[PDB]
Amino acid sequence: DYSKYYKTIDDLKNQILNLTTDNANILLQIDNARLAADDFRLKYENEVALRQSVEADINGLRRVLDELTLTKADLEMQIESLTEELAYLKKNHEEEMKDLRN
């Protein structure tokens, strides 16, 4: 009957509304998902670039530690040659005293 055609049409209207809103909701879920991403992205980019910067400053620290221990070693050897020069001067004076007792 005429009325039945009506009834279908109404059922179908309601479906369109349910499906339209449902789609809209999903889309919003997408937009918010994109945004959340972008946040995590920027956050990661900055964490990386940091890790890099610290590791490079570490490269610097390695270089200066290496040269620094080189200089340390050099100085040590010079302290030995100089403590030597000292002792030898002491002995020189001692022999001068051996002359005094003469």
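Residue indices: 1-based, along the sequence shown.
55-63 and 31-39 differ in mean CA B-factor, and the higher of the two is recorded for 55-63.
Look at the C-alpha B-factors of 88-96 and of 9-17. On average they run higher in 88-96. Sort the chain's modelled residues by C-alpha temperature factor and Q78 lands in the highest third, per the entry. Annotation for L50: C-alpha temperature factor in the lowest third relative to the rest of the modelled chain, per the entry.
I26: CA B factor lies in the lowest third for its chain, per the PDB record.
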